[PDB]
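Each chain gets a letter, A, B and so on, in the order its sequence line appears, and its residues count up from 1.
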Amino acid sequence: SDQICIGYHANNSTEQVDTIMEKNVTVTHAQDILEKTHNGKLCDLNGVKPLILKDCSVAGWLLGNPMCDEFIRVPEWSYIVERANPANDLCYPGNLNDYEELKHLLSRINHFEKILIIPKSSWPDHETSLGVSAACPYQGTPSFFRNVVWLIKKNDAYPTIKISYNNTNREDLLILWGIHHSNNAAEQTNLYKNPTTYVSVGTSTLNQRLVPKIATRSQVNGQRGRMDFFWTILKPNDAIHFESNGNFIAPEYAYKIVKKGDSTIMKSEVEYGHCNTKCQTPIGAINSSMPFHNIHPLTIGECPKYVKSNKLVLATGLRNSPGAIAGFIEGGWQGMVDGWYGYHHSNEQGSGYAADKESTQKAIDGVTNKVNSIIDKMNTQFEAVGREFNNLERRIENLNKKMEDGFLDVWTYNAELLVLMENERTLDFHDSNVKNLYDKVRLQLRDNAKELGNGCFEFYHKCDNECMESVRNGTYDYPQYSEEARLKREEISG
Amino acid sequence: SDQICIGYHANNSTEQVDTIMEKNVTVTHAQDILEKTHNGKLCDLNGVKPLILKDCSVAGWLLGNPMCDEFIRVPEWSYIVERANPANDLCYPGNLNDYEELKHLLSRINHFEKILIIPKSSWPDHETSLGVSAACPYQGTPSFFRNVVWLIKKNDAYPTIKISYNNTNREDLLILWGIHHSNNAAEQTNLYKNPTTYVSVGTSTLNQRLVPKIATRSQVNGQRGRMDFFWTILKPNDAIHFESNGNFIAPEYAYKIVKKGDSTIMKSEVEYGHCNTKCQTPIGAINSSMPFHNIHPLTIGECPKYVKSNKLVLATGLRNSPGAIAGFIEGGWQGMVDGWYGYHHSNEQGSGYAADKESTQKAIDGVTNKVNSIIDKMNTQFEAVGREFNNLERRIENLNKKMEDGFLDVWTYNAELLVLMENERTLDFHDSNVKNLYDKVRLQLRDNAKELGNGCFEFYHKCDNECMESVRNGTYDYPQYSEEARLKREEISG
Amino acid sequence: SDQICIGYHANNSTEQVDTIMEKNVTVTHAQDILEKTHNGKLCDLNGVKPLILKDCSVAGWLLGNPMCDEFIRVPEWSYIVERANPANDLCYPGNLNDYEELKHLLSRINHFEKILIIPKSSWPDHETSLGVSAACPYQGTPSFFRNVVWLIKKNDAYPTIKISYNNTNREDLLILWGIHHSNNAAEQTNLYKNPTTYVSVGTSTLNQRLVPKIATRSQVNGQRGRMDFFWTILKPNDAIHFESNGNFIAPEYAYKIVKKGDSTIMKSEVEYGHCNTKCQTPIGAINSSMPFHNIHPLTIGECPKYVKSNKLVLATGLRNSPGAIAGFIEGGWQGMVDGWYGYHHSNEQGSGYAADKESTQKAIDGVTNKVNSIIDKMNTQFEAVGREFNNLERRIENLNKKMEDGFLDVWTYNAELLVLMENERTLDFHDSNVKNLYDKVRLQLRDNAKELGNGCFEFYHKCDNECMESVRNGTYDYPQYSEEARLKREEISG
Ligand SMILES: *[C@@H]1O[C@H](CO)[C@@H](O[C@@H]2O[C@H](CO)[C@@H](O[C@@H]3O[C@H](CO)[C@@H](O)[C@H](O)[C@@H]3O)[C@H](O)[C@H]2NC(C)=O)[C@H](O)[C@H]1NC(C)=O
Ligand SMILES: *[C@@H]1O[C@H](CO)[C@@H](O[C@@H]2O[C@H](CO)[C@@H](O)[C@H](O)[C@H]2NC(C)=O)[C@H](O)[C@H]1NC(C)=O
Ligand SMILES: *[C@@H]1O[C@H](CO)[C@@H](O[C@@H]2O[C@H](CO)[C@@H](O)[C@H](O)[C@H]2NC(C)=O)[C@H](O)[C@H]1NC(C)=O
Ligand SMILES: *[C@@H]1O[C@H](CO)[C@@H](O)[C@H](O)[C@H]1NC(C)=O
Ligand SMILES: *[C@@H]1O[C@H](CO)[C@@H](O)[C@H](O)[C@H]1NC(C)=O
Ligand SMILES: *[C@@H]1O[C@H](CO)[C@@H](O)[C@H](O)[C@H]1NC(C)=O
């Protein structure tokens with residue numbers, strides 16, 4: 001007697017997934033949605049190269065530390081790369097005011113151009129070539145920051161400087177200047193003539209007065225003196241006014257600056273790779289559409305959500321053993337190779353496996369749609385994650401840390417449990433589809449066949465391969481065989 | 001050829017929903033939980049009107065910029081509305097110290113009353129009516145901030161001012177004063193007699209000393225001088241002590257202030273609408289119990305969660321085609337109008353429809369309960385979202401931006417995937433209810449009935465319409481009919 | 001006549017759960033995953049005791065308010081406990097600079113040792129014991145901070161102090177000093193001889209100059225004078241240099257400091273309980289593996305996620321009523337006691353209950369695994385939640401408040417909806433298991449038994465207890481009884 005059986009795909013896969021109720025469940029196909037790979041390279045960000053200060057800090061680069069070795073200034077960059085402890089930074093010891101805000105402002109710059117705004121010819125009554133220190137050596141000779149001029153008395157006199165510069169360019173000007181804290185009255189009168197001095201700086205918004213602190217300090221880079229640097233953004237058609245009778249570190253060069261987007265400073269030792277990316281980490285770039293990653297927290301760009309997890313494996317295929325699906329249908333079919341759910345016939349032209357095209361295709365569509373929903377519903381926007389707070393801003397640094405940790409906890413929990421729940425529902429989806437197929441066949445045949453209890457029906461008539469693929473194609477004629485079935489059904493012993 | 005069939009509700013609805021596995025699925029009823037509408041108006045917040053500063057800033061309003069409204073009498077407000085760039089703000093150029101913290105303090109005030117604390121009679125040895133400037137015109141002629149007094153020398157002398165004020169009121173006092181940075185020694189001697197001057201201010205907590213910075217600056221509103229203003233909160237029974245020999249901008253009016261909660265500053269040009277609301281946005285107010293909205297991020301009040309989404313549509317009804325639904329039941333019944341699941345019979349009396357009332361009521365209750373759970377479990381508390389950090393606080397503002405973006409991403413992902421998953425579970429719930437109905441009669445009928453294979457049953461006797469409503473009301477009597485059925489059953493072959 | 005029935009566990013439990021579709025559903029067993037209990041004590045944190053300042057503030061403890069203990073007996077601590085308003089705090093009025101950052105630095109200290117760095121023998125030409133005030137009582141008599149020295153003129157002279165201290169220890173040194181703001185020229189010359197004075201402090205990084213503000217102030221603790229204190233971290237092998245000609249409040253003691261982690265300051269009056277914990281709240285400690293709690297927001301340690309909820313009750317057992325459960329199987333069996341799903345048989349030998357162990361064990365395993373997944377997938381890391389921003393940092397405090405509120409909203413919503421959805425699915429899981437068991441038996445028996453419509457089958461042959469235990473084990477011998485069954489079936493009809 002001919003029979004027809006309902007079954008499902010099996011294969012050689014050893015891939016495992018977890019569900020909310022079961023762990024280490026072998027399946028026929030799975031997919032990780034957690035991005036774990038990076039190119040180990042520093043790349044352009046959306047087509048724009050980073051500004052890689054390799055042996056210089058932002059401060060030394062800006063002021064023109066003569067000990068920083070190379071300076072092919074670039075007119076635009078997407079982020080700044082410093083390494084962890086730059087060797088060259090403020091050769092003469094001191095400070096750059098509002099340094100962290102300045103670095104954040106310079107993180108991403110649309111246009112950057114160094115220009116000469118006050119040449120040394122502007123100081124006819126002051127010495128312009130002796131403002132030089134062994135703390136800032138160039139090629140064995142004492143020197144100084146190149147973009148600023150350390151003015152010194154001339155003929156034992158330091159006349160009061162009163163000068164102004166109008167920003168006649170059409171871009172903002174980043175301007176830097178400084179004041180020198182000398183060590184004692186003798187050094188004060190040696191460098192400048194006047195013992196009590198000041199530096200006044202004024203713009204439309206700036207109203208600054210600095211007085212040197214002549215006091216004992218510890219030696220740093222061989223110097224007990226200090227130099228405090230300050231900066232401003234001079235808008236077009238505004239003028240900056242300087243006045244000073246000593247200790248003035250005057251601007252010489254400044255920077256035309258056009259700023260649009262923001263970014264941060266990345267600390268990294270990885271090397272530039274002539275690549276492009278939308279998501280950069282300090283150990284490499286990420287090219288991924290996945291919603292989650294575990295590579296590094298300090299990312300710049302449009303990145304997946306950072307989670308603490310080793311794998312996020314969604315089940316795509318069926319339960320695999322290399323109620324349905326290991327219930328009343330005892331097991332899977334390695335023999336069925338071209339589908340997920342299908343049939344196995346046996347008449348007397350032969351045996352074979354044949355996949356049910358329609359339910360297999362709709363289950364594949366549904367599982368693919370589920371994966372694509374878990375991926376595509378993730379909103380990813382540009383974010384720049386750095387560490388931009390100083391030693392006296394640790395409360396804000398802790399606020400940021402609590403924010404980062406909270407978002408990591410939220411995303412980790414949500415992703416893990418989403419994977420578990422949707423894996424369990426995918427396996428149940430397979431179970432219900434298989435049972436629905438068995439019932440579709442049961443309702444095509446009714447009492448022209450006997451249920452055998454293992455997923456198979458036994459025909460009360462002969463069912464040729466046209467009758468068989470008519471059972472698969474949805475095309476079984478019950479009233480036709482109604483009596484070939486009738487007579488063999490009542491002819492049953494025993 | 002008598003028949004009875006199991007079926008479900010259908011209608012003309014074209015509403016679509018998405019599930020995690022299927023897109024654009026038409027259903028009989030749906031409900032959006034995403035709020036997308038606003039009244040386009042600025043409203044009271046929980047019964048308290050906002051302080052709408054027309055074309056004036058908080059600074060100009062507080063100090064009494066003469067182009068600012070002096071006849072402003074709002075003793076209470078819930079939030080402040082500024083325009084993007086107010087025209088009237090510090091007519092005489094300069095600064096108001098801790099301006100952003102002061103605006104945050106003033107965001108929501110329970111009581112606000114301007115009072116005279118130091119009358120102009122208090123300065124007998126100084127000129128009180130010469131402190132007037134073209135930078136602060138009233139009706140085109142020179143004037144000054146109205147709540148503060150620019151004291152000028154008298155008879156070429158400026159005696160040292162030593163004055164105090166004890167807060168004998170019962171509320172905190174917001175007190176403002178200032179110092180004038182003159183331009184040169186000549187102007188210094190012209191306005192005040194003394195070349196070297198100061199302003200000292202003392203309370204229980206304040207210990208302030210201000211010295212004028214006499215230097216060259218750029219012209220702003222026609223003035224190269226500056227005025228730096230400062231403020232304090234004088235607690236009841238505490239006294240403020242002022243001392244100065246020049247450049248003093250003395251208090252005249254101050255503000256009794258009672259604060260019982262915070263809010264923020266809203267930037268908006270939308271107009272007041274004499275309305276009330278629990279959630280205000282810069283483009284309109286929101287009246288909604290929904291858990292999510294997509295109108296605007298900078299909201300004040302008890303608002304739904306802001307997400308980046310165009311619709312969040314939950315399925316309430318069933319799959320609509322204008323292992324059950326679209327499985328063996330070819331389609332739904334437009335004819336059944338008063339329920340979700342039910343029956344359709346056809347015998348010699350006629351055909352008709354009857355809904356299974358009790359499973360229909362339980363499905364409606366469950367779907368309504370699911371919608372109400374997705375809505376009611378949302379915790380919504382008061383939050384005030386603004387932009388309160390200045391140009392040199394970009395790191396903190398980026399921290400706030402990262403927080404807002406992270407919460408938007410979290411809520412968007414969670415809402416989208418919750419809607420998808422619960423829609424899939426709702427549709428499967430309908431499928432299971434219909435299959436359970438197909439089975440409930442099958443087990444009431446057993447071998448008193450024949451399965452017909454497309455959702456319909458065949459009776460093994462003819463069953464009057466009282467027997468039918470016994471099949472539906474749960475009380476069909478099997479030993480009643482069993483041998484009328486068995487004798488005719490043993491007769492249909494055929 | 002012989003029968004076998006499918007049924008499920010019941011008991012007398014009245015515990016209720018909610019699902020996303022049903023409220024107040026009685027079940028056989030439930031489990032709350034919300035931690036709600038605390039031990040009402042302040043405990044060690046991961047083995048490290050807290051530093052409990054009793055009625056002293058960090059300022060009074062550090063400077064040595066004579067009413068404060070030395071708190072030298074704890075060399076390490078995990079967090080600091082202050083009362084809401086410490087009584088002993090800066091007895092002489094004034095300020096401690098960067099006080100909040102200093103408290104954050106001192107929140108958790110790995111090693112802490114008070115050492116003498118400048119003994120009073122270092123001041124041979126200054127008075128060291130007259131710096132005493134009624135604002136700083138010891139036993140009702142005027143005194144002063146003990147770890148700092150109020151230097152006063154000697155023989156109507158105050159020679160210029162120039163002193164240095166080299167950090168010859170191998171840990172960082174916390175060093176504090178101050179300046180005294182006198183009230184008038186007469187008091188200035190009375191305490192120090194020189195009318196115009198200064199204090200200069202220098203290290204490798206510090207470059208500070210302080211000038212006294214001689215001005216009129218309000219009385220605080222009976223004094224109109226003030227004292228402004230400052231602090232620095234002197235790194236090993238660096239030296240601090242002090243210079244001053246008056247008003248100098250000089251250091252005597254300092255603190256060796258070893259820091260390895262941070263924390264926060266907890267405000268609490270609860271007492272130390274000689275306990276240990278991983279999560280501390282201001283009202284008691286928490287010992288819990290649960291993922292959520294509702295006890296208190298200001299926690300320190302590895303805590304559950306704080307949510308706004310009274311219960312998060314997951315269903316573990318079955319639906320209990322003292323589409324299977326209440327579908328065709330009318331109700332549960334109080335009589336069946338060692339299983340969840342099972343059978344009830346009746347033949348010649350007797351009637352009894354027998355659990356289907358295999359489905360019972362895997363359902364128990366799955367439910368336990370679901371609970372353990374909801375618990376274990378929670379990532380919990382160390383966090384310290386305090387209130388560390390001052391009266392002029394309300395914008396940052398509001399940013400932190402918005403972050404905390406946002407995370408509470410997220411966690412509350414997610415936990416509530418997770419419990420609702422997983423309760424739904426657990427109940428549906430039980431129903432599906434019962435239906436699968438009924439189908440296992442139905443497909444073993446086929447036409448050797450009649451379905452009875454209530455969960456029971458009636459045998460068309462005699463089924464002894466071995467035949468019964470073959471039906472339970474899934475291995476019923478259909479061809480063995482099939483022909484007796486067909487003959488008795490053809491006999492009974494009829
Ligand atoms: C910095 O330099 C610019 C000049 O490059 C200064 O702005 C200039 O101001 C003059 C008048 O103040 C403008 O001239 C023209 O004057 C007639 C008056 O009859 C007026 O009708 C024209 O529309 C125009 O205003 C000149 O265009 C303008 N230049 C620019 C580039 O705006 C500026 O004031 C200087 N800043 C300081 C602080 O000195
Ligand atoms: C401000 O004024 C009030 C009184 O107008 C002062 O408070 C009084 O202080 C004396 C003690 O010296 C008490 O006997 C009175 O009962 C107080 N009066 C009130 C109304 O409280 C207060 O000290 C003054 N403050 C300052 C800084 O001078
Ligand atoms: C400050 O203290 C340090 C610690 O001893 C001194 O550094 C040592 O100096 C001696 C001699 O110069 C060396 O042999 C040691 O190797 C140094 N130790 C370290 C860790 O550097 C330092 O010289 C002291 N400075 C002063 C001015 O006394
Ligand atoms: C799951 O499999 C891995 C090996 O691939 C094993 O290390 C782990 O312990 C397994 N987990 C359980 C719960 O059996
Ligand atoms: C769903 O419908 C919208 C129009 O209502 C259409 O734009 C969109 O492409 C449709 N999506 C699919 C997958 O058919
Ligand atoms: C659930 O039970 C509690 C008391 O046990 C009751 O207060 C509450 O109203 C009940 N909920 C419903 C929906 O009946």
Does C:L42 reach the side chain of C:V81, with side-chain heavy atoms less than 4.5 Å apart? yes

Atom pair CD/CD1 of B:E393 and C:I396 - distance to nearest 0.5 Å: 7.0 Å

Hydrogens and angles aside, do C:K305 and C:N414 bring a side-chain donor and acceptor to less than 3.5 Å of each other? no

Electrostatic pair C:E101:A:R395 at N-O distance under 4.0 angstrom: yes

Give a yes or no on this: more than 12 heavy atoms of other residues, nucleotides or ligands lie within 6.0 Å of atom CZ of C:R73. yes

Under 4.5 Å between any side-chain heavy atoms of C:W77 and C:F112, yes or no? yes

Using a 4.5 Å cut-off on heavy atoms from C-beta on, say whether the side chain of C:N167 contacts that of C:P236. yes

Taking the side chain from C:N166 and the backbone from C:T168, do they hold a donor-acceptor pair closer than 3.5 Å? no

What one should report as the nearest heavy-atom pair of A:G222 and A:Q219 is C-CG, 3.3 Å

In terms of heavy-atom contacts, does NZ of A:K308 have more than 12 from other residues, nucleotides or ligands at under 6.0 Å? no

At their closest point, which heavy atom of C:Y165 faces which heavy atom of C:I115, and how far apart are they? OH-CD1, 4.0 Å

How long is the gap from CE on C:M290 to SG on C:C303, to the nearest 0.5 Å? 14.5 Å

Using 4.0 Å as the upper bound for N to carboxylate O, is an ion pair formed by A:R387 and A:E404? yes

Can you tell me how far apart OG (C:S164) and CD1 (C:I118) are? Round to the nearest 0.5 Å. 8.5 Å

Keeping A:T264 on the side-chain end and A:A384 on the backbone end, is there a donor-acceptor pair under 3.5 Å? no

Taking the side chain from C:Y253 and the backbone from C:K114, do they hold a donor-acceptor pair closer than 3.5 Å? no

Is it the case that the side chain of C:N110 and the backbone of C:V258 share a donor-acceptor pair, with hydrogens and angles ignored and the cut-off at 3.5 Å? no

Looking at A:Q280 and A:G301, would you say the former's side chain and the latter's main chain have a donor-acceptor pair under 3.5 Å? no

Is the shortest heavy-atom distance from the side chain of C:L174 to the side chain of C:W231 under 4.5 Å? yes

Answer with yes or no whether the side chains of C:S204 and C:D238 bring together a donor and an acceptor at under 3.5 Å. yes

Approximate separation, where rounding is to 0.5 Å, of A:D409 CG and C:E383 CD: 7.0 Å

More than 12 heavy atoms of other residues, nucleotides or ligands under 6.0 Å from CD of C:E271: is that the case? no

Any side-chain heavy atom of A:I80 sitting closer than 4.5 Å to one from A:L53? yes

Please report the closest heavy-atom contact between C:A84 and C:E269, naming both atoms and the distance. N-OE2, 3.7 Å

Minimum side-chain heavy-atom gap C:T277-C:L45 below 4.5 Å: yes

Are side-chain N/O atoms of C:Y255 and C:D172 paired as donor and acceptor at under 3.5 Å? no

Short side-chain to backbone donor-acceptor contact, A:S57 and A:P86, under 3.5 Å: no

Can a donor-acceptor pair be found, under 3.5 Å and without considering hydrogens, that links the side chain of A:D55 to the backbone of A:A87? no

Under 6.0 Å from the NZ atom of C:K54, do we count more than 12 heavy atoms belonging to anything else shown? no

Do C:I257 and C:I109 make a side-chain contact, defined as non-hydrogen atoms from C-beta onward lying under 4.5 Å apart? yes

Would you call the rings of C:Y306 and C:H293 parallel, tilted or perpendicular, taking 30° and 60° as the class edges? tilted

Taking A:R224 for its side chain and A:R217 for its backbone only, find out whether a donor-acceptor pair lies under 3.5 Å. yes

In this structure, CG of B:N400 is separated from NZ of C:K402 (nearest 0.5 Å) by 4.0 Å

Between A:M266 and A:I300, the two heavy atoms sitting closest are CE-CD1, 3.8 Å

Whether C:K41 side chain and C:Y272 backbone form a donor-acceptor pair below 3.5 Å: no

Between A:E397 and A:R394, does at least one N-O distance fall below 4.0 Å, as a salt bridge requires? yes

Checking C:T232 side chain against C:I175 main chain: does a donor-acceptor pair fall under 3.5 Å? no

Shortest non-hydrogen contact from C:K103 toward C:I265: O-CD1, 3.2 Å

In sequence, state the C-alpha distance, the side-chain angles, and the governing distance for C:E252 and C:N147, and then conclude on side chain to side chain contact (heavy atoms under 4.5 Å, CB included). CA-CA 5 Å; C:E252 176 161 14; C:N147 307 320; 5.9 Å; no

To the nearest 0.5 Å, what is the distance between CD1 (C:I249) and CE (C:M227)? 4.0 Å

Among C:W61, C:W177, C:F229, C:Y92, find the one that has a ring-ring contact (aromatic ring centres under 6.0 Å, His included) with C:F145. C:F229

Closest contact, heavy atoms only, A:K36 versus A:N310: CE-O, 3.2 Å

Under the criterion side chain to side chain contact (heavy atoms under 4.5 Å, CB included), I'd like the reasoning laid out for C:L106 against C:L51: C-alpha separation, chi angles, the key distance, then a yes or no. CA-CA 10 Å; C:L106 291 173; C:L51 169 60; over 6 Å; no

Is A:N85 atom CG crowded by more than 12 heavy atoms from other residues, nucleotides or ligands, each under 6.0 Å away? no

After noting the C-alpha distance and the side-chain angles of C:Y99 and C:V58, does the key distance pass the side chain to side chain contact (heavy atoms under 4.5 Å, CB included) rule? CA-CA 9 Å; C:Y99 185 38; C:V58 180; 3.6 Å; yes

With a 4.5 Å heavy-atom cut-off, do C:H296 and C:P282 have their side chains touching? yes

Have A:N95 and A:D228 got a donor and an acceptor in their side chains that come within less than 3.5 Å? no

